[PDB]
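Before any comments, here is the structure.
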Amino acid sequence: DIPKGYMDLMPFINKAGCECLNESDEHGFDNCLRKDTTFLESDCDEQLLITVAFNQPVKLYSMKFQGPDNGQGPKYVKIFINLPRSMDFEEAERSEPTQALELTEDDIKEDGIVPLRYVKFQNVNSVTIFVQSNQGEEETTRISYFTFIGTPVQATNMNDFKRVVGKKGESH
Amino acid sequence: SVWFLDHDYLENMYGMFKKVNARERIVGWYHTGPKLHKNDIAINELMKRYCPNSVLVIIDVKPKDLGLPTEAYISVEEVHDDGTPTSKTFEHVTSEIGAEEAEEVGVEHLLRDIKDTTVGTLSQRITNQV
Amino acid sequence: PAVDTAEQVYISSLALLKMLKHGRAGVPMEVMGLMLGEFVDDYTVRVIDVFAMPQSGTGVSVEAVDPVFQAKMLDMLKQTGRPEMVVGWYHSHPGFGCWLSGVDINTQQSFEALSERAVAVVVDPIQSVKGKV
Amino acid sequence: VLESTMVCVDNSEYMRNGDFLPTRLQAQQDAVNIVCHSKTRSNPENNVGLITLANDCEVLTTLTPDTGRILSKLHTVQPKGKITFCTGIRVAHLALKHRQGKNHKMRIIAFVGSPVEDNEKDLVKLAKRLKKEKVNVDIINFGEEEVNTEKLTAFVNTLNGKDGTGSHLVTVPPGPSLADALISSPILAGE
Amino acid sequence: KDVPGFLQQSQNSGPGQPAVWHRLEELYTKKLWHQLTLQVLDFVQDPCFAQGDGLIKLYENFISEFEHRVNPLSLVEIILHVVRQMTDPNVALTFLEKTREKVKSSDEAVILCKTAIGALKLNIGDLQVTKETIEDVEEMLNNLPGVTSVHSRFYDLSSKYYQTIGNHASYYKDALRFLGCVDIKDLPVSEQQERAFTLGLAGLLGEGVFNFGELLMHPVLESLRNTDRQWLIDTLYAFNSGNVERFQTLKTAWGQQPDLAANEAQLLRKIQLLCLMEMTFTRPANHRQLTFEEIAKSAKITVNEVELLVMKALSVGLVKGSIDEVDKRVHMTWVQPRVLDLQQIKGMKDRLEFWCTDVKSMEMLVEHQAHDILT
Amino acid sequence: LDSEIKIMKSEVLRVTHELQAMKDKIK
Amino acid sequence: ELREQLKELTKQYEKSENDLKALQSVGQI
Ligand SMILES: [Zn+2]
């Protein structure tokens, strides 16, 4: 589950940047972040595009992106990282992913954890996850839980720059 | 014909570089596409707000082995002398690569490993002719 | 813990050219800027880009960082494709050697307090005669 | 609500009509003024942009929170050429995509005072794209009702899908200045 | 006020617009202040207003009550439609001054109006002021962003001025510019044919027009291929490829137009010069030495004034080189580049092919024989 | 009356915003 | 009032920005 040294990246997610395109208003994004059986639904098509943002760059070891087991579950998960602009469901279908996971029912189950290629995720500020296909074929897709396991990269949080020594007048 | 070059970002960024160094004003734009695009004239119209004399330098990232990587264009609309219908299209402006000494000191150091002797060795001169 | 004698500050081509240009673009006044980069693990400091800082009369000191400037440009760089850290600061020494003097140590102490891996790079653009940087 | 809106202004030469006193230009001026100040009066952090649907679209003010500059750059808009609804709405979509705070819901308030010389199939396709991309279009339909209100109605109905209250279509019959309706309209009544 | 009453009256009082007067009054009452401009243009372009004061009354009443706000260029266009059938060549200038005063914001409109003033003023004389109007309108017209429908009218005025003044070369230039600025399919076939004739004659009679290409390739001159006057295209082809033989064969035809008959001598000198130029261009540099006998067998002149022909050719700046008349030869080292045909471009392509073969052969030879010393 | 009032609205709003912005920049 | 106000403020802004420009000019010998 959680190998020692790696911790779940919940506390470093800021709601200022999280979003999820093509989501049914009945079931929101808050559903996927409780560990309870509260889910997120696809609005129009059998596709979804989640986006999560982190305060400080983080390293992602594994992902717990799972859903129910009634044929309505993610099948093809394309993961891009550090996107300058919110993308669209047309770029999500051709852009080369940083990872190209193909989930199986084992991963979908409540005990399934999918490990990513650690190296390509050594500095992550924003992650976009495109669910392109459902486990079988269902006009609506549903996601039950989603959380990343990893480590945070030590942050040089500017705006903390201050005189730690000396007077306030030295120039050179 | 749908594009979103961000002029607010352009203005703010130019303000910051104006603070950094002032003897440098916007003199056009660049895009790393091997060929022109339909938008190019509209983008040049946008940038002409900040420089009436706009120079579009199509900097080709891909390294070719025969030509300079920069090709420069400027927009001209004028009644053609031959009486062919007129439209807003680009015109070539000669381009070159040159460097200040502060940049020669850097390029020389970076390329010293794979440099070519700055003298005519007969083999090098025959190579040049080939 | 200790800093190994194999640590290297990989200065990229763009960073080197920017540093030299900003040095001879303000000699014989001193110039300063930040070095956006990435702390890979413990033996590497990658200086991917550098970051001029407006001349502010007070030579090059802690008061010469201009928090509004650095914050706003870091945000703008982030949204244009540079979500990078601030690994240290460079500041030219116009013609009088490549070392530190007092205020440099104070400022670098500030940077280290922010994050204790930040390097400080010094470039002598007058002594940087072509063929030797 | 935390929402980013992109006010699209039709600066087509059809805005010369004086059927909305004093002229449609100033009617749109007042409408934009009121809508921008109302969005500000909501939770202030929300943002308002500005696009013009001239012969080919153009972007006047990328998302900024201070409505003063939107209004200032609106004052100089002048009547030229015709309208391109599809291109305008897609460029507005790009403007929303480049929004700093991704929480802000995507809305596009478009003044459509001109005949939309577009095809119904293209309009419904664009509506489908926006529906999938989470964009809410509020159309102020004032002008050539019979010519295009059919296409606009199809567009907004497709956007709403079956319960998509997000997208609205307010048709203003010729009458007083183009604000009185807006100050009490479903798009603005909640705001 | 009074426009409604006049509109309802003219519903049947004035001619035309029987049921269209209804929608016009409806549009005004609706105060659209537009789309009625469109219908106004559409109507005033109808085959009914060419000698009627009814349109002048239309102007007075509703243009006075309505000009406050209309697309200034469209306003000026309808004012031109008004003026064209008002025959006070002393009060027309006053009227156009008034409309210029009215329209102060549209640089396009003021340029169009000044062109109209120039047109009428030149129609009545006063060429010395018409030229000043042309000059100042051109100065103010090369300041707008690009090309617009104003440019067509300006170049039309300039072309008419140059035709009255007889400066054929300038007329040729300006007419080509105008055909460029204005669309061609918009023009009626009759206007296209007339303009093609005028451009042709202007080019044939000219003190410096040698590049008759750009006209042989114009869709304009695609109005005489099967028309009775395919003659002009044939003569233009002969001029382009100086064919004194074909010129004298067609001598039966250009005599019909008096002006060409008047300027025979200039015509023959120009065709002779084009003949020499075409010879030199065709011949490659290997044997670009032109013999006097060759020139004489070409454009028909005995060999004691081929010296003067080459003299004038060099003086005009068309062909550079020298004359070595001890052995009776002409070393042409240059030629005025001109506009070619597709066949000539294919000839150039073939020559490039041969040149490329040579270059590649020497390239391979050197690289194969220096394989050990290429770094 | 209406035209003058509209002119006053435009002047007040736009000119005040422009003065505020340019005063901040010059400051 | 607008004409004179904006004229003088344009003068003042141009002068201030040109002062910043001059602040980065190095003398010669
Ligand atoms: Zn120092």
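Just so we're on the same page: first chain in the structure tokens is A, next is B, and so on; residues restart at 1 for each chain, and ligands are numbered from 1 in the order they show up.
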Excluding residue 6 of chain F and its own-chain neighbours fewer than 4 positions away, which residues fall within 12 Å of it when counting only C-alpha atoms? Please give them as a count of residues only. 14
Define the interface residues of chain A facing chain C as those within 12 Å, counting only C-alpha atoms, and report them as a VMD selection string. chain A and resid 54 to 57 59 81 to 86 119 122 to 126 153 to 172
Show me which bits of chain E are within 10 Å of chain B, counting only C-alpha atoms, as a ChimeraX atom specification. /E:142,145-148,151,173-184,213-215,217-220,362-364,366-367,370-375
Which neighbours of residue 118 of chain D fall inside 8 Å, counting only C-alpha atoms, when residues of the same chain fewer than 3 positions from it are skipped, and could you give them as a ChimeraX atom specification? /D:84-86,122-123
Neighbours of segment 18-26 of chain G within 10 Å (only C-alpha atoms; same-chain residues fewer than 4 positions away dropped), as a list in words? residues 18, 19, 20, 21, 22 and 23 of chain B; 25, 26, 27, 28, 29, 54, 55, 56 and 57 of chain C; 12, 13 and 14 of chain G
Would you export the selected residues with C-alpha atoms as an mmCIF file, in the first residue's frame, please?
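That gives us out28.cif:
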data_model
loop_
_atom_site.group_PDB
_atom_site.id
_atom_site.type_symbol
_atom_site.label_atom_id
_atom_site.label_comp_id
_atom_site.auth_asym_id
_atom_site.auth_seq_id
_atom_site.Cartn_x
_atom_site.Cartn_y
_atom_site.Cartn_z
ATOM 1 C CA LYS B 18 12.170 47.237 -20.162
ATOM 2 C CA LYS B 19 13.084 47.622 -16.512
ATOM 3 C CA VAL B 20 15.918 45.112 -16.949
ATOM 4 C CA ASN B 21 17.297 46.713 -20.123
ATOM 5 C CA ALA B 22 15.786 49.719 -21.858
ATOM 6 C CA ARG B 23 17.682 49.986 -25.159
ATOM 7 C CA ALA C 25 25.397 44.919 -20.224
ATOM 8 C CA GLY C 26 26.095 46.906 -17.083
ATOM 9 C CA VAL C 27 29.825 46.788 -16.599
ATOM 10 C CA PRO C 28 31.337 48.629 -14.618
ATOM 11 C CA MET C 29 28.296 48.594 -12.415
ATOM 12 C CA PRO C 54 16.582 45.407 -12.350
ATOM 13 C CA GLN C 55 19.473 47.588 -11.296
ATOM 14 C CA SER C 56 18.465 49.100 -7.974
ATOM 15 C CA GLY C 57 21.291 51.383 -6.908
ATOM 16 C CA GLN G 12 5.032 63.595 -17.183
ATOM 17 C CA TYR G 13 4.823 59.842 -17.857
ATOM 18 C CA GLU G 14 7.095 60.115 -20.887
#
Can you tell me, as a PyMOL selection string, which residues in segment 11-130 of chain B count as alpha helix (DSSP H) by DSSP? chain B and resi 11-20+40-47+101-111+122-129
At a cut-off of 9 Å, can you tabulate as CSV every residue of chain D near chain E together with its closest atom pair and the distance in Å to one decimal, using only C-alpha atoms and ordering rows by chain then number?
residue,atom,partner,partner_atom,distance
D:13,CA,E:71,CA,8.0
D:14,CA,E:34,CA,7.1
D:16,CA,E:34,CA,6.9
D:17,CA,E:32,CA,4.5
D:18,CA,E:32,CA,5.6
D:19,CA,E:31,CA,5.4
D:20,CA,E:31,CA,9.0
D:79,CA,E:71,CA,8.7
Could those selected residues go to a file with N, CA, C and O atoms, as a PDB file, in the first residue's frame?
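New file selection-v9.pdb:
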ATOM      1  N   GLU D  13     -21.026  46.252 -38.534  1.00  0.00           N
ATOM      2  CA  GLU D  13     -21.607  47.476 -39.065  1.00  0.00           C
ATOM      3  C   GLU D  13     -23.118  47.510 -38.905  1.00  0.00           C
ATOM      4  O   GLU D  13     -23.720  48.577 -39.060  1.00  0.00           O
ATOM      5  N   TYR D  14     -23.747  46.373 -38.604  1.00  0.00           N
ATOM      6  CA  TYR D  14     -25.154  46.378 -38.227  1.00  0.00           C
ATOM      7  C   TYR D  14     -25.396  47.026 -36.879  1.00  0.00           C
ATOM      8  O   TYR D  14     -26.553  47.271 -36.532  1.00  0.00           O
ATOM      9  N   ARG D  16     -24.823  49.952 -36.279  1.00  0.00           N
ATOM     10  CA  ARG D  16     -25.193  51.330 -36.570  1.00  0.00           C
ATOM     11  C   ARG D  16     -26.678  51.594 -36.365  1.00  0.00           C
ATOM     12  O   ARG D  16     -27.069  52.756 -36.219  1.00  0.00           O
ATOM     13  N   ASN D  17     -27.511  50.554 -36.348  1.00  0.00           N
ATOM     14  CA  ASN D  17     -28.948  50.757 -36.237  1.00  0.00           C
ATOM     15  C   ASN D  17     -29.289  51.515 -34.963  1.00  0.00           C
ATOM     16  O   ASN D  17     -28.677  51.309 -33.912  1.00  0.00           O
ATOM     17  N   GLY D  18     -30.275  52.400 -35.063  1.00  0.00           N
ATOM     18  CA  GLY D  18     -30.717  53.177 -33.925  1.00  0.00           C
ATOM     19  C   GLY D  18     -31.998  52.650 -33.317  1.00  0.00           C
ATOM     20  O   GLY D  18     -32.667  53.360 -32.561  1.00  0.00           O
ATOM     21  N   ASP D  19     -32.355  51.404 -33.637  1.00  0.00           N
ATOM     22  CA  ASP D  19     -33.576  50.817 -33.103  1.00  0.00           C
ATOM     23  C   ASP D  19     -33.504  50.557 -31.604  1.00  0.00           C
ATOM     24  O   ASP D  19     -34.535  50.256 -30.995  1.00  0.00           O
ATOM     25  N   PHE D  20     -32.327  50.658 -31.002  1.00  0.00           N
ATOM     26  CA  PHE D  20     -32.154  50.639 -29.553  1.00  0.00           C
ATOM     27  C   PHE D  20     -31.482  51.954 -29.186  1.00  0.00           C
ATOM     28  O   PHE D  20     -30.268  52.103 -29.350  1.00  0.00           O
ATOM     29  N   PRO D  79     -18.057  50.486 -35.325  1.00  0.00           N
ATOM     30  CA  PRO D  79     -18.742  49.553 -36.234  1.00  0.00           C
ATOM     31  C   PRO D  79     -17.930  49.300 -37.494  1.00  0.00           C
ATOM     32  O   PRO D  79     -17.635  50.224 -38.252  1.00  0.00           O
TER      33      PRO D  79
END
At a cut-off of 12 Å, list the chain B residues touching chain C, using only C-alpha atoms, as an MDAnalysis selection string. chainID B and resid 5:6 8:24 99:113 115
Quote the spacing between atom CA of residue 110 of chain D and atom CA of residue 139 of chain D in Å to one decimal place.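 Computing it gives 5.0 Å between the two atoms.
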When you look at residue 71 of chain B with a cut-off of 7 Å (counting only C-alpha atoms), what residues show up, excluding the ones that are within fewer than 2 positions of it in the same chain? I need them as an NGL selection string. :B and (57-59 or 69 or 73 or 95)
Export of prior selection with N, CA, C and O atoms as a short mmCIF file (atom, residue, chain, number, x, y, z; two decimals), in the first residue's frame:
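Contents of again-v4.cif, as written:
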data_model
loop_
_atom_site.label_atom_id
_atom_site.label_comp_id
_atom_site.auth_asym_id
_atom_site.auth_seq_id
_atom_site.Cartn_x
_atom_site.Cartn_y
_atom_site.Cartn_z
N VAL B 57 10.41 36.20 -37.58
CA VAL B 57 11.56 35.34 -37.81
C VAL B 57 11.14 33.92 -37.50
O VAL B 57 10.86 33.58 -36.34
N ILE B 58 11.08 33.07 -38.53
CA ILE B 58 10.60 31.70 -38.40
C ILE B 58 11.81 30.86 -38.02
O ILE B 58 12.47 30.27 -38.87
N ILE B 59 12.11 30.81 -36.73
CA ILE B 59 13.31 30.13 -36.26
C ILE B 59 13.05 28.64 -36.28
O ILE B 59 12.28 28.12 -35.47
N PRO B 69 19.16 29.05 -39.72
CA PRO B 69 17.89 28.62 -39.15
C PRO B 69 16.84 29.72 -39.08
O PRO B 69 15.71 29.45 -38.66
N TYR B 73 10.48 37.78 -42.33
CA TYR B 73 9.44 38.29 -43.20
C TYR B 73 8.84 39.56 -42.61
O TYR B 73 8.88 39.79 -41.40
N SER B 95 18.34 37.93 -43.74
CA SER B 95 18.62 37.56 -42.36
C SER B 95 20.07 37.12 -42.24
O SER B 95 20.67 36.61 -43.19
#
To one decimal place in Å, what is the distance between atom CA of residue 103 of chain E and atom CA of residue 72 of chain E?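 Spanning atom CA of residue 103 of chain E to atom CA of residue 72 of chain E is a straight-line distance of 6.3 Å.
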Name all residues at most 8 Å from residue 131 of chain D (count only C-alpha atoms; drop same-chain ones fewer than 6 positions away) and give them as an MDAnalysis selection string. (chainID A and resid 22 44) or (chainID D and resid 159:160)
Excluding same-chain residues fewer than 3 positions from segment 44-50 of chain C, what lies within 6 Å of it counting only C-alpha atoms, as a short mmCIF file (atom, residue, chain, number, x, y, z; two decimals) with N, CA, C and O atoms, in the first residue's frame?
data_model
loop_
_atom_site.label_atom_id
_atom_site.label_comp_id
_atom_site.auth_asym_id
_atom_site.auth_seq_id
_atom_site.Cartn_x
_atom_site.Cartn_y
_atom_site.Cartn_z
N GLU C 7 29.93 17.41 -6.38
CA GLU C 7 28.79 18.23 -6.75
C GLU C 7 29.14 19.09 -7.94
O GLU C 7 30.25 19.63 -8.04
N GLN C 8 28.20 19.22 -8.86
CA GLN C 8 28.41 20.02 -10.05
C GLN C 8 27.18 20.87 -10.31
O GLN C 8 26.05 20.41 -10.15
N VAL C 9 27.42 22.12 -10.70
CA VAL C 9 26.36 23.04 -11.08
C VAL C 9 26.35 23.06 -12.60
O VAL C 9 27.08 23.82 -13.24
N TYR C 10 25.50 22.23 -13.19
CA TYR C 10 25.38 22.15 -14.64
C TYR C 10 24.73 23.43 -15.14
O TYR C 10 23.51 23.58 -15.06
N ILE C 11 25.53 24.35 -15.64
CA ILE C 11 25.02 25.60 -16.19
C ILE C 11 24.72 25.38 -17.66
O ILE C 11 25.61 25.01 -18.44
N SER C 12 23.48 25.61 -18.05
CA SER C 12 23.07 25.38 -19.42
C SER C 12 23.61 26.48 -20.34
O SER C 12 24.08 27.53 -19.90
N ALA C 15 21.75 29.78 -19.96
CA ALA C 15 22.12 30.46 -18.73
C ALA C 15 23.48 31.13 -18.86
O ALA C 15 23.66 32.28 -18.44
N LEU C 34 18.61 35.96 -10.61
CA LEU C 34 18.35 34.64 -10.06
C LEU C 34 18.66 33.57 -11.09
O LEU C 34 18.81 33.84 -12.29
N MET C 35 18.76 32.34 -10.61
CA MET C 35 19.12 31.19 -11.44
C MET C 35 18.03 30.15 -11.23
O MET C 35 18.10 29.35 -10.30
N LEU C 36 17.03 30.16 -12.09
CA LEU C 36 16.00 29.14 -12.03
C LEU C 36 16.58 27.81 -12.48
O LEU C 36 17.22 27.73 -13.54
N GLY C 37 16.35 26.78 -11.68
CA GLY C 37 16.92 25.48 -11.96
C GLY C 37 16.20 24.36 -11.25
O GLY C 37 14.99 24.41 -11.06
N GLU C 38 16.95 23.33 -10.85
CA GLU C 38 16.34 22.12 -10.32
C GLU C 38 17.39 21.35 -9.54
O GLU C 38 18.46 21.05 -10.07
N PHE C 39 17.09 21.05 -8.29
CA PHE C 39 17.97 20.27 -7.44
C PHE C 39 17.71 18.80 -7.71
O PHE C 39 16.73 18.24 -7.22
N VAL C 40 18.59 18.15 -8.47
CA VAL C 40 18.24 16.82 -8.94
C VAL C 40 18.27 15.85 -7.77
O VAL C 40 17.21 15.36 -7.35
#
For a quick test of understanding: name the residues of chain F lying within 9 Å of chain G when counting only C-alpha atoms, and present them as a PDB file with C-alpha atoms, in the first residue's frame.
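See part_30.pdb below for the written result:
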ATOM      1  CA  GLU F  11     -16.238  61.009 -19.759  1.00  0.00           C
ATOM      2  CA  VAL F  15     -11.440  59.274 -18.059  1.00  0.00           C
ATOM      3  CA  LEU F  19      -6.331  58.832 -14.930  1.00  0.00           C
ATOM      4  CA  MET F  22      -1.766  56.292 -15.559  1.00  0.00           C
ATOM      5  CA  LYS F  23      -1.299  57.981 -12.184  1.00  0.00           C
ATOM      6  CA  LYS F  25       1.965  53.841 -13.406  1.00  0.00           C
ATOM      7  CA  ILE F  26       3.684  57.226 -13.154  1.00  0.00           C
TER       8      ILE F  26
END
Please return as a VMD selection string: the residues of segment 168-341 of chain E that backbone DSSP assigns to strand (DSSP E or B). chain E and resid 289 to 291 321 to 324 329 to 332
